[PDB]
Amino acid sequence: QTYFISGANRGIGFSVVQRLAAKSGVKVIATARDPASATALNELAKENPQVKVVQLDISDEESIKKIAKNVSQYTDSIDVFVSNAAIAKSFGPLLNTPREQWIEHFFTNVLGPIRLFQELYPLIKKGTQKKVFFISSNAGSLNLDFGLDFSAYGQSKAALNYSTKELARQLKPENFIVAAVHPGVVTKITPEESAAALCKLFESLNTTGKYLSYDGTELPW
């Protein structure tokens, strides 16, 4: 089984790769914007050479345009795709959210993952599990009220949630498993706990179209 994780240099992403590397016969394609500076990740892959460290900046169309070749070097197929790399920089009122915050969350948090998936679909198609995971947020629900505004961040997660739902429909007749997943907040949980829950969720999940919290319970779109 070949897993792919965007944004593995730190946070939940690093914690997922670290758990995958422990598991028998898991090859992990793990990305960073700057793999040369990804001290902890590189260290992981030297210690566990089944972990391959590829360059990806999801905000950069020219970086996304190489991801298939870069991943093609290490695998003929992806079993489980995880769009984890994402930003979360702007919150609060719309009147107080400038143009740039909106644009950046769009390109990085919505277009990024759609292009990433578009590029890597041929490699996912050739694989066995045909599992596609977009790491969303519960803040992306149209039907949850946190007593908070999420500005471009929330909008971005809602937009990707919309397209995830659509993708789940479109790829059902190819036995694909597409899910949006809230990894928790890191009541706060450790990267290690988030990772553990997600790895369990990645192997267990058998139906497509779901919007799941890390614990495996459903969220309202």
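Just count from 1 along the sequence shown to find any residue number.
A chain break between residue 186 and residue 187 is present, corresponding to 10 or more residues of the deposited sequence without coordinates. As recorded in the PDB entry, 70-78 is the stretch of 141-149 and 70-78 with the greater mean C-alpha temperature factor. Here 209-217 and 19-27 are compared by their mean Cα B-factor, and 19-27 comes out higher. Across the options 158, 180, 168, 41, the residue with the most elevated CA B-factor in the record is 41. Out of 97, 128, 109, 136, the entry records its largest CA B-factor for 128. Per the deposited record, the Cα B-factor of residue 163 falls in the lowest third when ranked against the other modelled residues of its chain.
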